[PDB]
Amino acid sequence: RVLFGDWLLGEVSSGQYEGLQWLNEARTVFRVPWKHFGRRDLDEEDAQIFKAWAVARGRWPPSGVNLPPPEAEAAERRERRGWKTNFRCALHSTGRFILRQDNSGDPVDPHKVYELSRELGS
């Protein structure tokens, strides 16, 4: 058990997720991909970070499911909107993260930029 915010910072610093990166050396500001789907389904690429959180919460096996390729995709596909919803709510509930800029409008690279709260005491 770790909090989402600490979990997420570990993923950011990993540099393993495209679009999920630190924006300064000081590591006080980072960006998080933030696509607007609406009606549209999430493909696998759209859901990489959301899926990581679900696996973290034991809501999805780390290896995925042992189904055939088409049925494997569709099984995940049908989970991805809830995963996206669960992640974003968790991020909102992480008061440590202060939204600084909202670039989710840009379709070639929609993301949101957060800063670490300058009043973390204990």
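The numbering used is simple: start at 1 and walk along the sequence shown.
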Entry-level comparison of average CA B-factors, 13-21 and 102-110, reporting the higher stretch: 102-110
Report the stretch with the higher mean CA temperature factor, choosing between 36-44 and 68-76 on the basis of the entry. 36-44
Could you place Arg27 in the lowest, middle or highest third of its chain by Cα temperature factor, using the values in the record? lowest
State the tercile, meaning the lowest, middle or highest third, of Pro62 with respect to the CA B-factors recorded for its chain. middle
